[PDB]
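Source file: model_7.pdb (PDB, C-alpha atoms and all ligand atoms)
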```pdb
ATOM      1  CA  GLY A   1      -9.050 -30.390  -7.937  1.00  0.00           C
ATOM      2  CA  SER A   2      -9.271 -30.580  -4.140  1.00  0.00           C
ATOM      3  CA  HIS A   3      -6.701 -27.878  -3.427  1.00  0.00           C
ATOM      4  CA  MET A   4      -7.867 -24.285  -3.543  1.00  0.00           C
ATOM      5  CA  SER A   5      -7.225 -23.350  -7.159  1.00  0.00           C
ATOM      6  CA  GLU A   6      -5.191 -20.393  -8.334  1.00  0.00           C
ATOM      7  CA  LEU A   7      -8.545 -18.867  -9.374  1.00  0.00           C
ATOM      8  CA  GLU A   8     -10.092 -19.421  -5.938  1.00  0.00           C
ATOM      9  CA  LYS A   9      -7.120 -17.964  -4.198  1.00  0.00           C
ATOM     10  CA  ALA A  10      -7.259 -14.900  -6.425  1.00  0.00           C
ATOM     11  CA  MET A  11     -10.838 -14.336  -5.463  1.00  0.00           C
ATOM     12  CA  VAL A  12      -9.905 -14.666  -1.810  1.00  0.00           C
ATOM     13  CA  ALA A  13      -7.068 -12.200  -2.237  1.00  0.00           C
ATOM     14  CA  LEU A  14      -9.598  -9.717  -3.641  1.00  0.00           C
ATOM     15  CA  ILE A  15     -11.837 -10.036  -0.670  1.00  0.00           C
ATOM     16  CA  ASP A  16      -8.924  -9.571   1.725  1.00  0.00           C
ATOM     17  CA  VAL A  17      -7.425  -6.512   0.109  1.00  0.00           C
ATOM     18  CA  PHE A  18     -10.881  -4.859   0.124  1.00  0.00           C
ATOM     19  CA  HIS A  19     -11.515  -5.443   3.777  1.00  0.00           C
ATOM     20  CA  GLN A  20      -7.885  -4.417   4.376  1.00  0.00           C
ATOM     21  CA  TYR A  21      -8.710  -0.882   3.164  1.00  0.00           C
ATOM     22  CA  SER A  22     -12.404  -0.565   3.772  1.00  0.00           C
ATOM     23  CA  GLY A  23     -11.889  -1.270   7.455  1.00  0.00           C
ATOM     24  CA  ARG A  24      -9.798   1.791   8.200  1.00  0.00           C
ATOM     25  CA  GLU A  25     -12.246   4.642   8.476  1.00  0.00           C
ATOM     26  CA  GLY A  26     -15.971   4.992   9.007  1.00  0.00           C
ATOM     27  CA  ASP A  27     -17.917   2.153   7.488  1.00  0.00           C
ATOM     28  CA  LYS A  28     -15.683  -0.994   7.495  1.00  0.00           C
ATOM     29  CA  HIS A  29     -17.609  -2.588   4.578  1.00  0.00           C
ATOM     30  CA  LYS A  30     -17.075   0.368   2.202  1.00  0.00           C
ATOM     31  CA  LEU A  31     -14.262   2.414   0.752  1.00  0.00           C
ATOM     32  CA  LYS A  32     -14.584   6.148   1.264  1.00  0.00           C
ATOM     33  CA  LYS A  33     -12.691   8.216  -1.302  1.00  0.00           C
ATOM     34  CA  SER A  34      -9.977   8.414   1.322  1.00  0.00           C
ATOM     35  CA  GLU A  35      -9.601   4.600   1.457  1.00  0.00           C
ATOM     36  CA  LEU A  36     -10.037   3.984  -2.266  1.00  0.00           C
ATOM     37  CA  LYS A  37      -7.119   6.340  -2.955  1.00  0.00           C
ATOM     38  CA  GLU A  38      -4.779   4.518  -0.656  1.00  0.00           C
ATOM     39  CA  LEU A  39      -5.752   1.166  -2.214  1.00  0.00           C
ATOM     40  CA  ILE A  40      -5.040   2.413  -5.747  1.00  0.00           C
ATOM     41  CA  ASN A  41      -1.739   4.090  -4.873  1.00  0.00           C
ATOM     42  CA  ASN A  42      -0.353   1.115  -2.939  1.00  0.00           C
ATOM     43  CA  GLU A  43      -1.766  -1.984  -4.678  1.00  0.00           C
ATOM     44  CA  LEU A  44      -2.219  -0.947  -8.280  1.00  0.00           C
ATOM     45  CA  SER A  45       1.105   0.824  -8.562  1.00  0.00           C
ATOM     46  CA  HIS A  46       1.993  -1.090 -11.680  1.00  0.00           C
ATOM     47  CA  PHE A  47      -1.336  -0.790 -13.463  1.00  0.00           C
ATOM     48  CA  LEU A  48      -2.591   2.675 -12.536  1.00  0.00           C
ATOM     49  CA  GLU A  49      -0.930   6.083 -12.345  1.00  0.00           C
ATOM     50  CA  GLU A  50      -0.504   7.300  -8.722  1.00  0.00           C
ATOM     51  CA  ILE A  51      -3.250   9.555  -7.396  1.00  0.00           C
ATOM     52  CA  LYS A  52      -2.208  12.835  -5.780  1.00  0.00           C
ATOM     53  CA  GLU A  53      -4.856  15.260  -7.085  1.00  0.00           C
ATOM     54  CA  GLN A  54      -8.216  15.505  -5.374  1.00  0.00           C
ATOM     55  CA  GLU A  55      -9.960  16.205  -8.633  1.00  0.00           C
ATOM     56  CA  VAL A  56      -8.966  12.688  -9.741  1.00  0.00           C
ATOM     57  CA  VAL A  57     -10.338  10.617  -6.819  1.00  0.00           C
ATOM     58  CA  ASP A  58     -13.559  12.591  -7.149  1.00  0.00           C
ATOM     59  CA  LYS A  59     -13.981  11.421 -10.755  1.00  0.00           C
ATOM     60  CA  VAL A  60     -13.051   7.813 -10.078  1.00  0.00           C
ATOM     61  CA  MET A  61     -15.517   7.483  -7.217  1.00  0.00           C
ATOM     62  CA  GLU A  62     -18.309   9.097  -9.270  1.00  0.00           C
ATOM     63  CA  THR A  63     -17.971   6.433 -11.965  1.00  0.00           C
ATOM     64  CA  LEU A  64     -17.697   3.490  -9.524  1.00  0.00           C
ATOM     65  CA  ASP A  65     -20.636   4.663  -7.393  1.00  0.00           C
ATOM     66  CA  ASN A  66     -23.921   3.365  -8.748  1.00  0.00           C
ATOM     67  CA  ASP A  67     -26.025   3.510  -5.582  1.00  0.00           C
ATOM     68  CA  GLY A  68     -25.019   7.133  -4.983  1.00  0.00           C
ATOM     69  CA  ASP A  69     -23.663   7.087  -1.408  1.00  0.00           C
ATOM     70  CA  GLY A  70     -20.270   8.462  -2.274  1.00  0.00           C
ATOM     71  CA  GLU A  71     -18.548   5.262  -1.316  1.00  0.00           C
ATOM     72  CA  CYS A  72     -17.480   2.026  -2.869  1.00  0.00           C
ATOM     73  CA  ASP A  73     -18.992  -1.299  -1.628  1.00  0.00           C
ATOM     74  CA  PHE A  74     -17.617  -4.729  -2.539  1.00  0.00           C
ATOM     75  CA  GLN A  75     -19.834  -5.202  -5.577  1.00  0.00           C
ATOM     76  CA  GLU A  76     -18.679  -1.816  -6.911  1.00  0.00           C
ATOM     77  CA  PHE A  77     -15.081  -2.604  -6.147  1.00  0.00           C
ATOM     78  CA  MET A  78     -15.312  -5.872  -8.080  1.00  0.00           C
ATOM     79  CA  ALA A  79     -16.600  -3.912 -11.039  1.00  0.00           C
ATOM     80  CA  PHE A  80     -13.530  -1.702 -10.748  1.00  0.00           C
ATOM     81  CA  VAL A  81     -11.235  -4.739 -10.604  1.00  0.00           C
ATOM     82  CA  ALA A  82     -13.041  -6.209 -13.656  1.00  0.00           C
ATOM     83  CA  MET A  83     -12.450  -2.991 -15.548  1.00  0.00           C
ATOM     84  CA  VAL A  84      -8.752  -2.689 -14.753  1.00  0.00           C
ATOM     85  CA  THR A  85      -7.975  -6.406 -15.407  1.00  0.00           C
ATOM     86  CA  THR A  86      -9.725  -6.135 -18.788  1.00  0.00           C
ATOM     87  CA  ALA A  87      -7.441  -3.206 -19.617  1.00  0.00           C
ATOM     88  CA  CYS A  88      -4.134  -5.035 -18.759  1.00  0.00           C
ATOM     89  CA  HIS A  89      -5.270  -7.979 -20.804  1.00  0.00           C
ATOM     90  CA  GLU A  90      -5.990  -5.571 -23.692  1.00  0.00           C
ATOM     91  CA  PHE A  91      -2.369  -4.368 -23.272  1.00  0.00           C
ATOM     92  CA  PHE A  92      -1.185  -7.995 -23.808  1.00  0.00           C
ATOM     93  CA  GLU A  93      -2.500  -8.588 -27.370  1.00  0.00           C
TER      94      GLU A  93
ATOM     95  CA  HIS B   1       7.595  -5.490  -5.810  1.00  0.00           C
ATOM     96  CA  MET B   2       4.262  -6.611  -7.292  1.00  0.00           C
ATOM     97  CA  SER B   3       1.243  -6.676  -4.934  1.00  0.00           C
ATOM     98  CA  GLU B   4      -1.213  -9.337  -3.886  1.00  0.00           C
ATOM     99  CA  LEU B   5      -4.024  -7.563  -5.710  1.00  0.00           C
ATOM    100  CA  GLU B   6      -2.021  -7.403  -8.903  1.00  0.00           C
ATOM    101  CA  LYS B   7      -0.880 -11.000  -8.668  1.00  0.00           C
ATOM    102  CA  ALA B   8      -4.470 -11.916  -8.189  1.00  0.00           C
ATOM    103  CA  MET B   9      -5.387 -10.014 -11.388  1.00  0.00           C
ATOM    104  CA  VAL B  10      -2.679 -11.709 -13.379  1.00  0.00           C
ATOM    105  CA  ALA B  11      -3.869 -15.107 -12.242  1.00  0.00           C
ATOM    106  CA  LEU B  12      -7.282 -14.315 -13.676  1.00  0.00           C
ATOM    107  CA  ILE B  13      -5.739 -13.677 -17.020  1.00  0.00           C
ATOM    108  CA  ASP B  14      -3.721 -16.864 -16.708  1.00  0.00           C
ATOM    109  CA  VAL B  15      -6.614 -19.082 -15.764  1.00  0.00           C
ATOM    110  CA  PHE B  16      -8.634 -17.647 -18.682  1.00  0.00           C
ATOM    111  CA  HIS B  17      -5.820 -18.250 -21.142  1.00  0.00           C
ATOM    112  CA  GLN B  18      -5.459 -21.838 -19.914  1.00  0.00           C
ATOM    113  CA  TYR B  19      -9.026 -22.859 -20.515  1.00  0.00           C
ATOM    114  CA  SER B  20      -9.859 -20.737 -23.520  1.00  0.00           C
ATOM    115  CA  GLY B  21      -6.817 -22.226 -25.297  1.00  0.00           C
ATOM    116  CA  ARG B  22      -7.780 -25.896 -25.134  1.00  0.00           C
ATOM    117  CA  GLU B  23     -10.395 -26.130 -27.854  1.00  0.00           C
ATOM    118  CA  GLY B  24     -11.702 -24.260 -30.784  1.00  0.00           C
ATOM    119  CA  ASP B  25     -11.128 -20.551 -30.608  1.00  0.00           C
ATOM    120  CA  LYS B  26      -7.978 -20.250 -28.556  1.00  0.00           C
ATOM    121  CA  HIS B  27      -9.145 -16.831 -27.219  1.00  0.00           C
ATOM    122  CA  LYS B  28     -12.665 -17.727 -26.188  1.00  0.00           C
ATOM    123  CA  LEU B  29     -14.446 -20.121 -23.932  1.00  0.00           C
ATOM    124  CA  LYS B  30     -16.924 -22.436 -25.462  1.00  0.00           C
ATOM    125  CA  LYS B  31     -19.511 -24.151 -23.252  1.00  0.00           C
ATOM    126  CA  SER B  32     -17.428 -27.195 -22.575  1.00  0.00           C
ATOM    127  CA  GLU B  33     -14.376 -25.126 -21.643  1.00  0.00           C
ATOM    128  CA  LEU B  34     -16.533 -22.999 -19.391  1.00  0.00           C
ATOM    129  CA  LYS B  35     -17.946 -26.066 -17.682  1.00  0.00           C
ATOM    130  CA  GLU B  36     -14.497 -27.569 -17.087  1.00  0.00           C
ATOM    131  CA  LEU B  37     -13.269 -24.279 -15.635  1.00  0.00           C
ATOM    132  CA  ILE B  38     -16.141 -24.264 -13.190  1.00  0.00           C
ATOM    133  CA  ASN B  39     -15.703 -27.974 -12.240  1.00  0.00           C
ATOM    134  CA  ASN B  40     -11.904 -27.934 -12.126  1.00  0.00           C
ATOM    135  CA  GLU B  41     -11.219 -24.453 -10.729  1.00  0.00           C
ATOM    136  CA  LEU B  42     -14.277 -23.280  -8.786  1.00  0.00           C
ATOM    137  CA  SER B  43     -15.130 -26.525  -7.015  1.00  0.00           C
ATOM    138  CA  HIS B  44     -15.018 -25.101  -3.498  1.00  0.00           C
ATOM    139  CA  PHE B  45     -17.352 -22.171  -4.328  1.00  0.00           C
ATOM    140  CA  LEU B  46     -19.749 -23.548  -6.900  1.00  0.00           C
ATOM    141  CA  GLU B  47     -21.713 -26.743  -6.888  1.00  0.00           C
ATOM    142  CA  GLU B  48     -20.522 -29.124  -9.585  1.00  0.00           C
ATOM    143  CA  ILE B  49     -22.096 -28.695 -13.011  1.00  0.00           C
ATOM    144  CA  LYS B  50     -23.496 -31.947 -14.324  1.00  0.00           C
ATOM    145  CA  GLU B  51     -26.241 -30.868 -16.708  1.00  0.00           C
ATOM    146  CA  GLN B  52     -25.992 -29.274 -20.095  1.00  0.00           C
ATOM    147  CA  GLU B  53     -29.039 -27.097 -19.369  1.00  0.00           C
ATOM    148  CA  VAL B  54     -27.059 -25.399 -16.649  1.00  0.00           C
ATOM    149  CA  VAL B  55     -24.022 -24.869 -18.852  1.00  0.00           C
ATOM    150  CA  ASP B  56     -26.409 -23.353 -21.366  1.00  0.00           C
ATOM    151  CA  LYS B  57     -27.998 -20.985 -18.858  1.00  0.00           C
ATOM    152  CA  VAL B  58     -24.651 -19.833 -17.550  1.00  0.00           C
ATOM    153  CA  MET B  59     -23.211 -19.087 -21.010  1.00  0.00           C
ATOM    154  CA  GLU B  60     -26.425 -17.290 -22.092  1.00  0.00           C
ATOM    155  CA  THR B  61     -26.110 -15.081 -18.993  1.00  0.00           C
ATOM    156  CA  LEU B  62     -22.444 -14.357 -19.632  1.00  0.00           C
ATOM    157  CA  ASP B  63     -22.567 -13.954 -23.417  1.00  0.00           C
ATOM    158  CA  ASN B  64     -23.342 -10.326 -24.115  1.00  0.00           C
ATOM    159  CA  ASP B  65     -22.376 -10.107 -27.800  1.00  0.00           C
ATOM    160  CA  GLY B  66     -24.289 -13.196 -28.907  1.00  0.00           C
ATOM    161  CA  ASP B  67     -21.462 -15.335 -30.334  1.00  0.00           C
ATOM    162  CA  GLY B  68     -22.090 -18.359 -28.127  1.00  0.00           C
ATOM    163  CA  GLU B  69     -18.730 -18.008 -26.559  1.00  0.00           C
ATOM    164  CA  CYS B  70     -17.165 -16.210 -23.689  1.00  0.00           C
ATOM    165  CA  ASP B  71     -14.271 -13.720 -24.199  1.00  0.00           C
ATOM    166  CA  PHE B  72     -12.175 -12.200 -21.391  1.00  0.00           C
ATOM    167  CA  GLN B  73     -14.436  -9.278 -20.743  1.00  0.00           C
ATOM    168  CA  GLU B  74     -17.390 -11.634 -20.432  1.00  0.00           C
ATOM    169  CA  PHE B  75     -15.325 -13.874 -18.115  1.00  0.00           C
ATOM    170  CA  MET B  76     -14.388 -10.995 -15.810  1.00  0.00           C
ATOM    171  CA  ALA B  77     -18.105 -10.293 -15.344  1.00  0.00           C
ATOM    172  CA  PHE B  78     -18.370 -13.956 -14.321  1.00  0.00           C
ATOM    173  CA  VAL B  79     -15.546 -13.578 -11.793  1.00  0.00           C
ATOM    174  CA  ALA B  80     -17.246 -10.455 -10.336  1.00  0.00           C
ATOM    175  CA  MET B  81     -20.653 -12.206 -10.021  1.00  0.00           C
ATOM    176  CA  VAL B  82     -19.142 -15.168  -8.333  1.00  0.00           C
ATOM    177  CA  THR B  83     -16.682 -13.260  -6.147  1.00  0.00           C
ATOM    178  CA  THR B  84     -19.463 -10.963  -5.035  1.00  0.00           C
ATOM    179  CA  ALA B  85     -21.694 -13.910  -4.186  1.00  0.00           C
ATOM    180  CA  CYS B  86     -18.984 -15.505  -2.063  1.00  0.00           C
ATOM    181  CA  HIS B  87     -18.164 -12.281  -0.267  1.00  0.00           C
ATOM    182  CA  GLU B  88     -21.750 -12.338   0.880  1.00  0.00           C
ATOM    183  CA  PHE B  89     -21.433 -15.826   2.338  1.00  0.00           C
ATOM    184  CA  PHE B  90     -18.223 -15.241   4.432  1.00  0.00           C
TER     185      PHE B  90
ATOM    186  CA  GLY C   1     -19.265 -27.333   1.576  1.00  0.00           C
ATOM    187  CA  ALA C   2     -20.983 -23.918   1.270  1.00  0.00           C
ATOM    188  CA  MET C   3     -21.806 -23.694  -2.437  1.00  0.00           C
ATOM    189  CA  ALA C   4     -24.346 -21.889  -4.614  1.00  0.00           C
ATOM    190  CA  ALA C   5     -26.211 -23.622  -7.468  1.00  0.00           C
ATOM    191  CA  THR C   6     -24.489 -21.377 -10.093  1.00  0.00           C
ATOM    192  CA  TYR C   7     -27.796 -19.567 -10.905  1.00  0.00           C
ATOM    193  CA  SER C   8     -26.395 -16.502  -9.079  1.00  0.00           C
ATOM    194  CA  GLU C   9     -12.619   8.556 -18.591  1.00  0.00           C
ATOM    195  CA  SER C  10     -10.592   8.316 -15.387  1.00  0.00           C
ATOM    196  CA  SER C  11      -9.519   4.672 -15.882  1.00  0.00           C
ATOM    197  CA  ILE C  12      -8.273   5.303 -19.398  1.00  0.00           C
ATOM    198  CA  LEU C  13      -6.568   8.307 -17.758  1.00  0.00           C
ATOM    199  CA  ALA C  14      -4.772   6.226 -15.140  1.00  0.00           C
ATOM    200  CA  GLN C  15      -3.977   3.478 -17.682  1.00  0.00           C
ATOM    201  CA  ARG C  16      -2.650   5.922 -20.310  1.00  0.00           C
ATOM    202  CA  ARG C  17      -0.290   7.574 -17.795  1.00  0.00           C
ATOM    203  CA  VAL C  18       1.330   4.125 -17.355  1.00  0.00           C
ATOM    204  CA  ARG C  19       4.301   5.258 -19.458  1.00  0.00           C
ATOM    205  CA  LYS C  20       7.893   4.072 -18.741  1.00  0.00           C
ATOM    206  CA  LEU C  21      11.105   2.468 -20.187  1.00  0.00           C
ATOM    207  CA  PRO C  22      13.541   4.910 -21.838  1.00  0.00           C
TER     208      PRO C  22
HETATM  209 CA    CA A 101     -14.393   2.441   5.252  1.00  0.00          CA
HETATM  210 CA    CA A 102     -21.672   2.970  -3.230  1.00  0.00          CA
HETATM  211 CA    CA A 103     -11.647 -22.034 -26.836  1.00  0.00          CA
HETATM  212 CA    CA A 104     -19.409 -13.600 -26.351  1.00  0.00          CA
HETATM  213 CL    CL A 105      -5.564 -12.955 -24.186  1.00  0.00          CL
END
```

What is this structure when it is put down as C-alpha cells?
Amino acid sequence: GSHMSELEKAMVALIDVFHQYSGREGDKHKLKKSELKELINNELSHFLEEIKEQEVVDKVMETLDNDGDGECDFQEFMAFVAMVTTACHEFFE
Amino acid sequence: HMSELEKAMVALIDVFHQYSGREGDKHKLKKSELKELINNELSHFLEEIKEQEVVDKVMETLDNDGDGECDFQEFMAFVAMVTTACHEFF
Amino acid sequence: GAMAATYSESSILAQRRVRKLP
C-alpha cells in the first residue's frame, strides 16, 4: 500500500537503533565492543542473556566481525539481527 | 517492557507468516507470494516487480537449499540485503 | 521515490540462557 508497511517500519527501526548505539564512541558508523554490549543488554533483553563478562563480548564480536577491524558495521549488525530473529522463530515451532 | 528492536524483529516474523501462509506450503514463500510481499510491503524501498524474470532471479538468489521456495532463514537474508542497501542510501 | 531495481557458539549461548517461568 501507500502507507509505510509494518515491514518497512521494522527496517527503519533497525537502522535507528544501530545509529543510536554506534554514535556514542569513536566511529559513529560502527559498534565497538563497548557499544555492542550496551545494545544487547538494553534492547535484546528478552531474547538474549545479559552480558556482564568480558570474555563473552570478545567472542560475540569475533564471530560478527568479518572484515577484521574489531568492530561491527551495519552490514555485520544486520547479519546478527538475522541470526537472532531466526532463533526466536525456531523457538515458535 | 519490550523494545523497539525486538518489536521490529517480531514484525518480521509476522510479515513472513502472513505471506507464506496464503498459498501452497503455509511455511514457505513461493514466487508469487514473494512477489506480492515485495509489491505490497516494500513499495517505498524497491521498484515494483512486473516481470516474471525478475521474480525468478530474486528467488534463485534467495533460495539456498534448492527447493524453489523461500523459508524464514532465506527471507531474513533478504531483509538483511535490502535493509543494508537502504541504509546506504539514507 | 528512491528505489533500487531489486538486483541488489556465543548466540546459542545467549539463547540457551533464556530460561525462566517457575
Ligand atoms: Ca561507535
Ligand atoms: Ca567490522
Ligand atoms: Ca506458501
Ligand atoms: Ca529454499
Ligand atoms: Cl513459522

(request) Write out as JSON, numbers by chain which residues come within 6 Å of region 59-71 of chain A when counting all atoms listed in the file, dropping same-chain ones fewer than 6 positions away. (result) {"A": [31, 32], "C": [10]}

(request) Could you pull out the residues sitting within 8 Å of ligand CL 105 (chain A), using only C-alpha atoms and all ligand atoms, and write them as a ChimeraX atom specification? (result) /A:89-90,92-93 /B:13,16-17,27,72

Find the residues of chain C that sit at most 6 Å from chain B; for each, write down the nearest two atoms and how far apart they are in Å, to one decimal. Count only C-alpha atoms. Sort by chain, then by number going up, and give it as a Markdown table.
```
| residue | atom | partner | partner_atom | distance |
| --- | --- | --- | --- | --- |
| C:3 | CA | B:46 | CA | 4.9 |
| C:4 | CA | B:46 | CA | 5.4 |
| C:5 | CA | B:47 | CA | 5.5 |
```

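Applied to this file, the PyMOL selection byres ((chain A and not hetatm) within 7 of (chain B)) selects the residues residues 1, 5, 6, 7, 8, 10, 11, 13, 14, 15, 17, 43, 44, 74, 75, 78, 79, 82, 85, 86 and 89 of chain A.
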
I need the chosen residues saved as a PDB file, in the frame of the given file, with C-alpha atoms.
```
ATOM      1  CA  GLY A   1      -9.050 -30.390  -7.937  1.00  0.00           C
ATOM      2  CA  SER A   5      -7.225 -23.350  -7.159  1.00  0.00           C
ATOM      3  CA  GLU A   6      -5.191 -20.393  -8.334  1.00  0.00           C
ATOM      4  CA  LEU A   7      -8.545 -18.867  -9.374  1.00  0.00           C
ATOM      5  CA  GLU A   8     -10.092 -19.421  -5.938  1.00  0.00           C
ATOM      6  CA  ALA A  10      -7.259 -14.900  -6.425  1.00  0.00           C
ATOM      7  CA  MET A  11     -10.838 -14.336  -5.463  1.00  0.00           C
ATOM      8  CA  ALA A  13      -7.068 -12.200  -2.237  1.00  0.00           C
ATOM      9  CA  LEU A  14      -9.598  -9.717  -3.641  1.00  0.00           C
ATOM     10  CA  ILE A  15     -11.837 -10.036  -0.670  1.00  0.00           C
ATOM     11  CA  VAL A  17      -7.425  -6.512   0.109  1.00  0.00           C
ATOM     12  CA  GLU A  43      -1.766  -1.984  -4.678  1.00  0.00           C
ATOM     13  CA  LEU A  44      -2.219  -0.947  -8.280  1.00  0.00           C
ATOM     14  CA  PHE A  74     -17.617  -4.729  -2.539  1.00  0.00           C
ATOM     15  CA  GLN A  75     -19.834  -5.202  -5.577  1.00  0.00           C
ATOM     16  CA  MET A  78     -15.312  -5.872  -8.080  1.00  0.00           C
ATOM     17  CA  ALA A  79     -16.600  -3.912 -11.039  1.00  0.00           C
ATOM     18  CA  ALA A  82     -13.041  -6.209 -13.656  1.00  0.00           C
ATOM     19  CA  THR A  85      -7.975  -6.406 -15.407  1.00  0.00           C
ATOM     20  CA  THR A  86      -9.725  -6.135 -18.788  1.00  0.00           C
ATOM     21  CA  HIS A  89      -5.270  -7.979 -20.804  1.00  0.00           C
TER      22      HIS A  89
END
```

(message) Hey, which residues sit close to ligand CA 103 (chain A)? Say within 6 Å, counting all atoms listed in the file, and write them as a PyMOL selection string.
(response) chain B and resi 20-30

(message) Near chain C, meaning an atom within 9 Å, which residues of chain A appear when counting all atoms listed in the file? Write them as an NGL selection string.
(response) :A and (46-51 or 56-57 or 59-60 or 63 or 83-84 or 87-88)

(request) Output the residue selection produced by the PyMOL selection byres (((not hetatm)) within 8 of (chain A and resi 104)) on the file above, formatted as a PyMOL selection string. (result) chain B and resi 28+62-71+74

(request) List all protein, DNA and RNA residues that have an atom no more than 9 Å from any atom of ligand CA 101 (chain A), counting all atoms listed in the file, and report them as a ChimeraX atom specification. (result) /A:19,21-36,71-72

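Picture a line from CA of residue 34 (chain B) to CA of residue 91 (chain A); it runs 23.7 Å.
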
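Relative to CA of residue 16 (chain A), CA of residue 45 (chain A) is found at 17.7 Å.
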
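The space between CA of residue 9 (chain A) and CA of residue 37 (chain A) spans 24.3 Å.
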
Centre and edges of the region 48-57 of chain A box, axis-aligned, 6 Å extra per side, as JSON:
```
{"center_x": -5.4, "center_y": 9.4, "center_z": -9.0, "size_x": 21.8, "size_y": 25.5, "size_z": 19.2}
```
